[PDB]
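Trainee: To start, I am sharing the structure in question, which I have written as C-alpha cells.
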Amino acid sequence: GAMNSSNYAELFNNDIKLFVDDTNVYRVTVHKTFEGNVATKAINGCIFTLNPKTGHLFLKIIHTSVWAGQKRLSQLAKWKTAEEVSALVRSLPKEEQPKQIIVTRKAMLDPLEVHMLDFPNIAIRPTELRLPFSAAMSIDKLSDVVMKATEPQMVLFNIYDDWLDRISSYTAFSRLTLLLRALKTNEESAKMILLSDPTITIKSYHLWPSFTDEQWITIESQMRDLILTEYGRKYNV
Amino acid sequence: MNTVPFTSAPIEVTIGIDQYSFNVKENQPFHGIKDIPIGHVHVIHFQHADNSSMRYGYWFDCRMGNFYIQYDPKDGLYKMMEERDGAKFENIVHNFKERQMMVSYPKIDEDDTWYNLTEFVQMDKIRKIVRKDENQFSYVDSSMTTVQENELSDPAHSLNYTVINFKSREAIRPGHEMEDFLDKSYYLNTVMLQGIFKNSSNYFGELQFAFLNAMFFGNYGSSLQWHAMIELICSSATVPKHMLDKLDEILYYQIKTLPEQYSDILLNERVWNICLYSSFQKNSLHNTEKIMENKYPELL
Ligand SMILES: N=C(NO)c1cccnc1N1CCCCC1
C-alpha cells in the first residue's frame, strides 16, 4: 500500500525501487499582458526519478516545446511524466527494472498505473511522507542543466556524490532529505551554509561540497538550526 | 396470458413476481400465479419467512415452455421445473383456476413499468450470462458472484456478465493512454459495442438485467455491473444520440422503481455524482437527473 514512517527501512532493502516526483515538470511564470490580463510563460522543467538505495537520479528534462499548442497543461504534465517513466523502465534491462515505483503525489497514481499496464508486477505506490524533492531545482548543477536545455534530454546523476563510500544509504537519504528540506525552507541561507567556507569545494563530478565526516556533522547541525529558525519565524515561536 | 402453477406452499414465504410481492402463509392453499403477460421475460422470486437469508428466483419466458414451482424439502427451496406433458399441464392449470387457487398478475392497464424495465432483456441473453443449457429458465440468488469477482464449484452459480475494467489493456490502446482513460469512447464504441455486444440493444439488455438482479436479490456483483455500464457511457465523449436518449429513459424507470428505503445500498454516490454532474454526459440525462434530484437529493 502506501509508504510511510512505519516502513521507512524498506527504501534501503535490495528490491529495486524508484521515487518519482513530478512537481517540477510544468513550471511557469505568471505575468501581466499589455491589455492588463494575466498570462503564463512556461519554463523548462524536469522529472525527478530517484533510486534511494544507490543515489542514481534519472533527470528527464522537460523542454517547453512539449507544451506548444496543448491544453490543460497541469493535467497533461502528469500523463507526460507517466509516459516518460514508462519509457525509462522499458529502456532498462530486465534485471535493472524497478519492482516498485513510489509517486510523491497521489495524482500521479492513475496516470502511471495506466502507462505501466504492460508491467503488472511493478507496484505503483503512494507515500505519506512529505518529501522535499521539489527543492531539486535549488541544486545549482541540476537547475543549470535544466535551464540550458534546448531539446528534451535525460541526464543521469548520483545525488549522493561519493557518500556511499563512507555511509549507508539510510544515512545518505537522511542527509539528502535534510539538505533539500533546508533549501526548500530558506534557499539563500542553506546555500550560505553550504558554500560559506571557500576552502571546501564541489568537485567537477559532484553536486555538493567535499565535506569531511566531521564537517558533515557541523553542516547537518547548521541545517537543522535553519529549519528550526525558519519554523520559529514562520509561527512566531 | 400464461400461468405458473405451484404444487403447494409448505413453508411461509414472500413471493415476488416482477415488481409485485405478496406473502403466503405456511401450508396456505396457494397454487400459483395466473394472467402473466405474454411478450416479456419475467422473474418469480422468493424470500423465506423464517430465513430471509438467500433471496432467490427464476428468470423465465412462458413462450419457451410450461413452467411450475414445487417445494423441495431436501434442498429447502421452491424449485422451478418444466412440465413436458402439455395436456397434463393445461389440465392442472384449469382445475386450479376453477377453484380460484391462484393470484392474478395485478397489472394496471396504464402501467408500462415492467416493459420499461425489461425493454432490451431477452431470455436467450440471460441464458448466456447464467449458463444451464439443460434448463429453459435461469436460477439466480443473492450470493452468486460474477466472473470479474472470481478473478479478484458449479458454473451455473456464477454470473457471466461482460467484464468492464477501466484500467485494463482492453480499455486502453497503447499510445493513447491519456486519451482513452479520460474519454472512454474507444472502449465503449469499438471494444464493447462493435466488438462484444454487437449493438446497443444487447448492451442495454445486460445493463437492465444487472439492475434487476441487484434490486430483486441484493446481488452485489450485479450492482457493480450496472454502475460500470452506466459509467462507461457517461465517461465517453462520443455516444450516439439515440443511445443517450434511451439510456435516460432506462435509468429514469430504474430510479422510479427502486424502493426508497434501499437507495442507501443500491446506489453508488461516486458514480451518480460523477455521471450527473462531472461527466461528458452530465447534461444529456435530463429525465434521470430530475427524478434523482427530487427523490434522492441526499445522495447528491
Ligand atoms: N433451483 C434450480 N432449479 O429449480 C436450479 C437451476 C439451475 C441451477 N441451480 C439450481 N438450484 C438447484 C437447487 C439448489 C440451488 C440451485
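Residues are referred to by chain and number: the chain letter is A, B, ... according to the order shown in the C-alpha cells, the number counts from 1 in that chain, and ligands are numbered separately from 1 in the order shown.
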Quick one: which residues from chain B are at most 10 Å off chain A, using only C-alpha atoms, as a ChimeraX atom specification?

Mentor: /B:166-169,171-172,174-181

Trainee: Using N, CA and C atoms, can you export the residues from the last selection as a compact mmCIF listing (two decimals), in the first residue's frame?

Mentor:
```
# COMPACT_ATOMS: atom_id res chain seq x y z
N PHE B 166 -11.74 -0.30 -16.35
CA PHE B 166 -11.23 0.93 -16.96
C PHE B 166 -9.70 1.00 -16.96
N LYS B 167 -9.04 0.24 -16.10
CA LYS B 167 -7.56 0.20 -16.08
C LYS B 167 -7.13 -1.20 -16.51
N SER B 168 -7.32 -1.46 -17.79
CA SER B 168 -7.05 -2.76 -18.37
C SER B 168 -6.57 -2.52 -19.79
N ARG B 169 -5.75 -3.45 -20.30
CA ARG B 169 -5.26 -3.29 -21.66
C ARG B 169 -6.40 -3.27 -22.67
N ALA B 171 -9.17 -1.73 -22.31
CA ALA B 171 -9.77 -0.40 -22.31
C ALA B 171 -8.85 0.69 -22.85
N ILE B 172 -7.55 0.41 -22.99
CA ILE B 172 -6.53 1.43 -23.19
C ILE B 172 -5.63 0.99 -24.34
N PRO B 174 -2.41 1.09 -26.51
CA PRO B 174 -1.01 1.54 -26.43
C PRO B 174 -0.84 2.84 -27.20
N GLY B 175 -0.23 3.82 -26.55
CA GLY B 175 -0.03 5.11 -27.17
C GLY B 175 -1.18 6.08 -27.07
N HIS B 176 -2.35 5.65 -26.61
CA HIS B 176 -3.47 6.56 -26.37
C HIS B 176 -3.86 6.52 -24.90
N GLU B 177 -2.89 6.34 -24.02
CA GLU B 177 -3.18 6.16 -22.60
C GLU B 177 -4.04 7.29 -22.03
N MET B 178 -3.58 8.53 -22.11
CA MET B 178 -4.35 9.62 -21.52
C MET B 178 -5.69 9.76 -22.22
N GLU B 179 -5.66 9.71 -23.55
CA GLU B 179 -6.87 9.89 -24.33
C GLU B 179 -7.92 8.86 -23.96
N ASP B 180 -7.54 7.59 -23.92
CA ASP B 180 -8.51 6.52 -23.69
C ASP B 180 -8.98 6.47 -22.24
N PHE B 181 -8.15 6.90 -21.29
CA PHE B 181 -8.56 6.86 -19.88
C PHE B 181 -9.49 8.01 -19.52
```

Trainee: DSSP says alpha helix (DSSP H) for which residues of range 148-293 of chain B? Put them as an mmCIF file with N, CA and C atoms, in the first residue's frame?

Mentor:
```
data_model
loop_
_atom_site.group_PDB
_atom_site.id
_atom_site.type_symbol
_atom_site.label_atom_id
_atom_site.label_comp_id
_atom_site.auth_asym_id
_atom_site.auth_seq_id
_atom_site.Cartn_x
_atom_site.Cartn_y
_atom_site.Cartn_z
ATOM 1 N N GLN B 148 -15.963 -11.470 -13.166
ATOM 2 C CA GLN B 148 -14.971 -10.479 -12.745
ATOM 3 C C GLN B 148 -14.665 -10.593 -11.256
ATOM 4 N N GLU B 149 -15.688 -10.853 -10.434
ATOM 5 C CA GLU B 149 -15.463 -11.005 -8.999
ATOM 6 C C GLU B 149 -14.555 -12.199 -8.705
ATOM 7 N N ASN B 150 -14.734 -13.304 -9.439
ATOM 8 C CA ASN B 150 -13.932 -14.507 -9.242
ATOM 9 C C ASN B 150 -12.509 -14.361 -9.765
ATOM 10 N N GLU B 151 -12.215 -13.305 -10.520
ATOM 11 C CA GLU B 151 -10.849 -13.014 -10.925
ATOM 12 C C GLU B 151 -10.105 -12.218 -9.863
ATOM 13 N N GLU B 177 -2.887 6.345 -24.018
ATOM 14 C CA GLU B 177 -3.176 6.161 -22.597
ATOM 15 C C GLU B 177 -4.044 7.286 -22.035
ATOM 16 N N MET B 178 -3.581 8.531 -22.107
ATOM 17 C CA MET B 178 -4.352 9.623 -21.520
ATOM 18 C C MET B 178 -5.695 9.759 -22.218
ATOM 19 N N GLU B 179 -5.663 9.711 -23.546
ATOM 20 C CA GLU B 179 -6.874 9.894 -24.334
ATOM 21 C C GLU B 179 -7.924 8.864 -23.957
ATOM 22 N N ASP B 180 -7.536 7.587 -23.922
ATOM 23 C CA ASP B 180 -8.513 6.523 -23.692
ATOM 24 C C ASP B 180 -8.979 6.471 -22.242
ATOM 25 N N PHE B 181 -8.148 6.897 -21.288
ATOM 26 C CA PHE B 181 -8.555 6.860 -19.884
ATOM 27 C C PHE B 181 -9.488 8.013 -19.523
ATOM 28 N N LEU B 182 -9.293 9.174 -20.128
ATOM 29 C CA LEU B 182 -10.107 10.322 -19.801
ATOM 30 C C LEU B 182 -11.365 10.398 -20.653
ATOM 31 N N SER B 185 -14.565 6.642 -25.122
ATOM 32 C CA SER B 185 -15.365 6.372 -26.322
ATOM 33 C C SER B 185 -14.848 5.167 -27.102
ATOM 34 N N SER B 200 -26.312 -1.693 -29.435
ATOM 35 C CA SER B 200 -26.673 -1.060 -28.169
ATOM 36 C C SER B 200 -27.818 -1.788 -27.489
ATOM 37 N N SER B 201 -28.688 -2.446 -28.264
ATOM 38 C CA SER B 201 -29.776 -3.217 -27.641
ATOM 39 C C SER B 201 -29.246 -4.300 -26.701
ATOM 40 N N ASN B 202 -28.193 -5.038 -27.107
ATOM 41 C CA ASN B 202 -27.650 -6.073 -26.241
ATOM 42 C C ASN B 202 -26.949 -5.464 -25.030
ATOM 43 N N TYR B 203 -26.276 -4.328 -25.214
ATOM 44 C CA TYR B 203 -25.655 -3.630 -24.087
ATOM 45 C C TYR B 203 -26.714 -3.219 -23.070
ATOM 46 N N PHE B 204 -27.782 -2.564 -23.543
ATOM 47 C CA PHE B 204 -28.846 -2.177 -22.621
ATOM 48 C C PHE B 204 -29.524 -3.370 -21.970
ATOM 49 N N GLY B 205 -29.654 -4.492 -22.687
ATOM 50 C CA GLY B 205 -30.257 -5.675 -22.089
ATOM 51 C C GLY B 205 -29.484 -6.152 -20.887
ATOM 52 N N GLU B 206 -28.157 -6.225 -21.031
ATOM 53 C CA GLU B 206 -27.311 -6.637 -19.922
ATOM 54 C C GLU B 206 -27.351 -5.629 -18.775
ATOM 55 N N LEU B 207 -27.378 -4.337 -19.091
ATOM 56 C CA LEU B 207 -27.480 -3.319 -18.049
ATOM 57 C C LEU B 207 -28.788 -3.440 -17.278
ATOM 58 N N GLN B 208 -29.900 -3.654 -17.997
ATOM 59 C CA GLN B 208 -31.187 -3.803 -17.341
ATOM 60 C C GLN B 208 -31.259 -5.065 -16.495
ATOM 61 N N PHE B 209 -30.705 -6.183 -16.990
ATOM 62 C CA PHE B 209 -30.672 -7.431 -16.233
ATOM 63 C C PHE B 209 -29.851 -7.293 -14.956
ATOM 64 N N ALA B 210 -28.703 -6.627 -15.065
ATOM 65 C CA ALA B 210 -27.866 -6.378 -13.885
ATOM 66 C C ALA B 210 -28.624 -5.570 -12.843
ATOM 67 N N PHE B 211 -29.273 -4.470 -13.256
ATOM 68 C CA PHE B 211 -30.087 -3.718 -12.314
ATOM 69 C C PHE B 211 -31.134 -4.589 -11.626
ATOM 70 N N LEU B 212 -31.881 -5.390 -12.397
ATOM 71 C CA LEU B 212 -32.988 -6.139 -11.820
ATOM 72 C C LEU B 212 -32.482 -7.189 -10.817
ATOM 73 N N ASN B 213 -31.314 -7.802 -11.095
ATOM 74 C CA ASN B 213 -30.751 -8.761 -10.156
ATOM 75 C C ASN B 213 -30.270 -8.055 -8.892
ATOM 76 N N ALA B 214 -29.725 -6.835 -9.046
ATOM 77 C CA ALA B 214 -29.333 -6.058 -7.867
ATOM 78 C C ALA B 214 -30.549 -5.717 -7.010
ATOM 79 N N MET B 215 -31.633 -5.267 -7.650
ATOM 80 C CA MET B 215 -32.816 -4.840 -6.917
ATOM 81 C C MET B 215 -33.549 -6.027 -6.300
ATOM 82 N N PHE B 216 -33.760 -7.090 -7.061
ATOM 83 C CA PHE B 216 -34.619 -8.151 -6.579
ATOM 84 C C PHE B 216 -33.894 -9.126 -5.653
ATOM 85 N N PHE B 217 -32.580 -9.285 -5.814
ATOM 86 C CA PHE B 217 -31.850 -10.268 -4.983
ATOM 87 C C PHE B 217 -30.816 -9.621 -4.095
ATOM 88 N N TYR B 220 -24.715 -8.142 -5.083
ATOM 89 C CA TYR B 220 -23.738 -7.067 -5.093
ATOM 90 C C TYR B 220 -22.983 -6.973 -6.414
ATOM 91 N N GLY B 221 -22.590 -8.106 -7.004
ATOM 92 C CA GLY B 221 -21.840 -8.048 -8.246
ATOM 93 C C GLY B 221 -22.656 -7.536 -9.418
ATOM 94 N N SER B 222 -23.958 -7.803 -9.381
ATOM 95 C CA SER B 222 -24.866 -7.227 -10.366
ATOM 96 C C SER B 222 -24.949 -5.715 -10.219
ATOM 97 N N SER B 223 -24.970 -5.214 -8.975
ATOM 98 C CA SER B 223 -24.979 -3.765 -8.780
ATOM 99 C C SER B 223 -23.699 -3.121 -9.319
ATOM 100 N N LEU B 224 -22.551 -3.744 -9.039
ATOM 101 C CA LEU B 224 -21.293 -3.287 -9.622
ATOM 102 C C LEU B 224 -21.365 -3.214 -11.145
ATOM 103 N N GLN B 225 -21.945 -4.242 -11.791
ATOM 104 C CA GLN B 225 -22.007 -4.272 -13.248
ATOM 105 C C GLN B 225 -22.909 -3.171 -13.786
ATOM 106 N N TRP B 226 -24.089 -3.001 -13.186
ATOM 107 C CA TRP B 226 -24.996 -1.927 -13.571
ATOM 108 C C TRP B 226 -24.295 -0.568 -13.533
ATOM 109 N N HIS B 227 -23.627 -0.257 -12.421
ATOM 110 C CA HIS B 227 -22.959 1.036 -12.367
ATOM 111 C C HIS B 227 -21.815 1.135 -13.360
ATOM 112 N N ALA B 228 -21.054 0.049 -13.569
ATOM 113 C CA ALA B 228 -19.954 0.104 -14.526
ATOM 114 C C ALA B 228 -20.462 0.382 -15.930
ATOM 115 N N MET B 229 -21.619 -0.192 -16.270
ATOM 116 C CA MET B 229 -22.134 0.014 -17.620
ATOM 117 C C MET B 229 -22.676 1.425 -17.808
ATOM 118 N N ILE B 230 -23.213 2.023 -16.749
ATOM 119 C CA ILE B 230 -23.602 3.431 -16.794
ATOM 120 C C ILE B 230 -22.364 4.308 -16.918
ATOM 121 N N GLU B 231 -21.392 4.095 -16.032
ATOM 122 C CA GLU B 231 -20.196 4.934 -16.047
ATOM 123 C C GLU B 231 -19.487 4.876 -17.389
ATOM 124 N N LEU B 232 -19.443 3.700 -18.020
ATOM 125 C CA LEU B 232 -18.767 3.603 -19.316
ATOM 126 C C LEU B 232 -19.399 4.515 -20.370
ATOM 127 N N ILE B 233 -20.730 4.604 -20.413
ATOM 128 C CA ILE B 233 -21.362 5.531 -21.334
ATOM 129 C C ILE B 233 -21.136 6.980 -20.912
ATOM 130 N N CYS B 234 -21.317 7.282 -19.633
ATOM 131 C CA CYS B 234 -21.271 8.669 -19.180
ATOM 132 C C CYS B 234 -19.869 9.252 -19.338
ATOM 133 N N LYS B 241 -26.604 9.706 -30.298
ATOM 134 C CA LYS B 241 -27.646 10.464 -29.611
ATOM 135 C C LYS B 241 -28.809 9.559 -29.205
ATOM 136 N N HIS B 242 -29.146 8.582 -30.054
ATOM 137 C CA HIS B 242 -30.239 7.672 -29.714
ATOM 138 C C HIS B 242 -29.899 6.818 -28.499
ATOM 139 N N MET B 243 -28.616 6.506 -28.301
ATOM 140 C CA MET B 243 -28.244 5.727 -27.129
ATOM 141 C C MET B 243 -28.378 6.563 -25.870
ATOM 142 N N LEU B 244 -27.991 7.838 -25.942
ATOM 143 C CA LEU B 244 -28.104 8.718 -24.782
ATOM 144 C C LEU B 244 -29.565 8.911 -24.401
ATOM 145 N N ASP B 245 -30.415 9.172 -25.393
ATOM 146 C CA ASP B 245 -31.827 9.345 -25.080
ATOM 147 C C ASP B 245 -32.437 8.083 -24.497
ATOM 148 N N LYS B 246 -32.078 6.915 -25.037
ATOM 149 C CA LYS B 246 -32.626 5.691 -24.494
ATOM 150 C C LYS B 246 -32.074 5.428 -23.090
ATOM 151 N N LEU B 247 -30.778 5.686 -22.865
ATOM 152 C CA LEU B 247 -30.234 5.497 -21.514
ATOM 153 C C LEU B 247 -31.001 6.340 -20.500
ATOM 154 N N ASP B 248 -31.312 7.593 -20.858
ATOM 155 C CA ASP B 248 -32.033 8.449 -19.927
ATOM 156 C C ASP B 248 -33.357 7.824 -19.531
ATOM 157 N N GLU B 249 -34.070 7.236 -20.506
ATOM 158 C CA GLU B 249 -35.348 6.570 -20.224
ATOM 159 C C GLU B 249 -35.157 5.321 -19.363
ATOM 160 N N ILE B 250 -34.121 4.537 -19.671
ATOM 161 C CA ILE B 250 -33.870 3.319 -18.921
ATOM 162 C C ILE B 250 -33.640 3.657 -17.452
ATOM 163 N N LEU B 251 -32.734 4.603 -17.216
ATOM 164 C CA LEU B 251 -32.364 4.947 -15.840
ATOM 165 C C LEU B 251 -33.519 5.605 -15.099
ATOM 166 N N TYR B 252 -34.291 6.459 -15.781
ATOM 167 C CA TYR B 252 -35.462 7.050 -15.152
ATOM 168 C C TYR B 252 -36.365 5.988 -14.548
ATOM 169 N N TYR B 253 -36.686 4.941 -15.323
ATOM 170 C CA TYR B 253 -37.619 3.929 -14.829
ATOM 171 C C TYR B 253 -36.994 3.066 -13.740
ATOM 172 N N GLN B 254 -35.678 2.862 -13.794
ATOM 173 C CA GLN B 254 -34.987 2.126 -12.742
ATOM 174 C C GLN B 254 -35.023 2.902 -11.433
ATOM 175 N N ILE B 255 -34.692 4.188 -11.491
ATOM 176 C CA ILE B 255 -34.720 5.036 -10.297
ATOM 177 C C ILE B 255 -36.152 5.194 -9.788
ATOM 178 N N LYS B 256 -37.125 5.279 -10.695
ATOM 179 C CA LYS B 256 -38.522 5.383 -10.257
ATOM 180 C C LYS B 256 -38.976 4.139 -9.494
ATOM 181 N N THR B 257 -38.495 2.965 -9.907
ATOM 182 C CA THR B 257 -38.972 1.712 -9.329
ATOM 183 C C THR B 257 -38.228 1.356 -8.053
ATOM 184 N N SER B 263 -32.250 2.724 -1.286
ATOM 185 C CA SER B 263 -31.367 3.590 -2.056
ATOM 186 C C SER B 263 -29.974 3.646 -1.453
ATOM 187 N N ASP B 264 -29.864 3.551 -0.123
ATOM 188 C CA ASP B 264 -28.556 3.645 0.521
ATOM 189 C C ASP B 264 -27.627 2.529 0.055
ATOM 190 N N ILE B 265 -28.175 1.339 -0.198
ATOM 191 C CA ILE B 265 -27.350 0.178 -0.512
ATOM 192 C C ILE B 265 -27.280 -0.085 -2.016
ATOM 193 N N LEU B 266 -28.285 0.360 -2.776
ATOM 194 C CA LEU B 266 -28.316 0.060 -4.203
ATOM 195 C C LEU B 266 -27.743 1.159 -5.096
ATOM 196 N N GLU B 269 -22.866 6.577 -4.641
ATOM 197 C CA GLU B 269 -22.745 8.035 -4.653
ATOM 198 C C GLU B 269 -21.728 8.519 -5.669
ATOM 199 N N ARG B 270 -20.528 7.928 -5.674
ATOM 200 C CA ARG B 270 -19.492 8.420 -6.577
ATOM 201 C C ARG B 270 -19.947 8.343 -8.022
ATOM 202 N N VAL B 271 -20.443 7.176 -8.443
ATOM 203 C CA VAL B 271 -20.820 7.027 -9.844
ATOM 204 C C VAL B 271 -21.904 8.030 -10.218
ATOM 205 N N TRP B 272 -22.912 8.194 -9.368
ATOM 206 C CA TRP B 272 -24.053 9.024 -9.775
ATOM 207 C C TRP B 272 -23.682 10.503 -9.796
ATOM 208 N N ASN B 273 -22.937 10.968 -8.788
ATOM 209 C CA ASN B 273 -22.488 12.356 -8.809
ATOM 210 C C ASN B 273 -21.562 12.609 -9.984
ATOM 211 N N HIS B 286 -31.610 14.269 -18.829
ATOM 212 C CA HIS B 286 -32.495 15.224 -18.171
ATOM 213 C C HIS B 286 -33.532 14.541 -17.302
ATOM 214 N N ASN B 287 -34.150 13.464 -17.800
ATOM 215 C CA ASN B 287 -35.203 12.811 -17.033
ATOM 216 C C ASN B 287 -34.629 12.139 -15.795
ATOM 217 N N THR B 288 -33.477 11.485 -15.959
ATOM 218 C CA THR B 288 -32.814 10.805 -14.851
ATOM 219 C C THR B 288 -32.349 11.806 -13.810
ATOM 220 N N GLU B 289 -31.752 12.913 -14.249
ATOM 221 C CA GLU B 289 -31.298 13.925 -13.292
ATOM 222 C C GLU B 289 -32.474 14.504 -12.512
ATOM 223 N N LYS B 290 -33.598 14.765 -13.187
ATOM 224 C CA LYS B 290 -34.735 15.328 -12.467
ATOM 225 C C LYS B 290 -35.296 14.370 -11.413
ATOM 226 N N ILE B 291 -35.457 13.080 -11.739
ATOM 227 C CA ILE B 291 -36.001 12.167 -10.748
ATOM 228 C C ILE B 291 -34.995 11.964 -9.617
ATOM 229 N N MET B 292 -33.715 11.870 -9.939
ATOM 230 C CA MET B 292 -32.706 11.696 -8.895
ATOM 231 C C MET B 292 -32.705 12.873 -7.931
ATOM 232 N N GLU B 293 -32.778 14.100 -8.451
ATOM 233 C CA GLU B 293 -32.739 15.265 -7.571
ATOM 234 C C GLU B 293 -33.999 15.383 -6.720
#
```

Trainee: Could I get the residue neighbourhood of ligand 1 at 6 Å, counting only C-alpha atoms and all ligand atoms, as number ranges by chain?

Mentor: B: 75, 79-81, 139, 156

Trainee: I need the chosen residues saved as a PDB file, in the first residue's frame, with N, CA and C atoms.

Mentor:
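The result, stored in out_17.pdb:
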```
ATOM      1  N   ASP B  75     -33.335 -29.816  -0.452  1.00  0.00           N
ATOM      2  CA  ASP B  75     -32.554 -28.603  -0.810  1.00  0.00           C
ATOM      3  C   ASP B  75     -33.201 -27.335  -0.209  1.00  0.00           C
ATOM      4  N   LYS B  79     -38.395 -24.988  -5.922  1.00  0.00           N
ATOM      5  CA  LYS B  79     -37.695 -25.330  -7.176  1.00  0.00           C
ATOM      6  C   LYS B  79     -38.591 -25.100  -8.394  1.00  0.00           C
ATOM      7  N   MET B  80     -38.080 -24.464  -9.445  1.00  0.00           N
ATOM      8  CA  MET B  80     -38.834 -24.333 -10.705  1.00  0.00           C
ATOM      9  C   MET B  80     -38.478 -25.571 -11.538  1.00  0.00           C
ATOM     10  N   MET B  81     -39.457 -26.174 -12.219  1.00  0.00           N
ATOM     11  CA  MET B  81     -39.326 -27.334 -13.112  1.00  0.00           C
ATOM     12  C   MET B  81     -40.205 -27.071 -14.351  1.00  0.00           C
ATOM     13  N   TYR B 139     -31.859 -19.700 -12.901  1.00  0.00           N
ATOM     14  CA  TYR B 139     -31.916 -19.582 -11.421  1.00  0.00           C
ATOM     15  C   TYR B 139     -30.846 -18.567 -10.998  1.00  0.00           C
ATOM     16  N   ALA B 156     -22.988 -22.756 -13.355  1.00  0.00           N
ATOM     17  CA  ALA B 156     -24.328 -22.139 -13.446  1.00  0.00           C
ATOM     18  C   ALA B 156     -24.549 -21.152 -12.294  1.00  0.00           C
TER      19      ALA B 156
END
```

Trainee: Residues within 10 Å of residue 119 in chain A, please, as a ChimeraX atom specification. Count only C-alpha atoms; anything in the same chain fewer than 6 positions from it doesn't count.

Mentor: /A:86,89-90,99,113

Trainee: Please extract the residues of range 5-232 of chain A with a backbone DSSP assignment of strand (DSSP E or B) and present them as a ChimeraX atom specification.

Mentor: /A:17-21,27-32,38-43,45-50,56-62,100-103,123-125,127,153-158

Trainee: Expressed in Å to a single decimal, how great is the separation between CA of residue 62 in chain A and CA of residue 148 in chain A?

Mentor: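 Atom-to-atom, CA of residue 62 in chain A and CA of residue 148 in chain A are spaced 11.4 Å apart.
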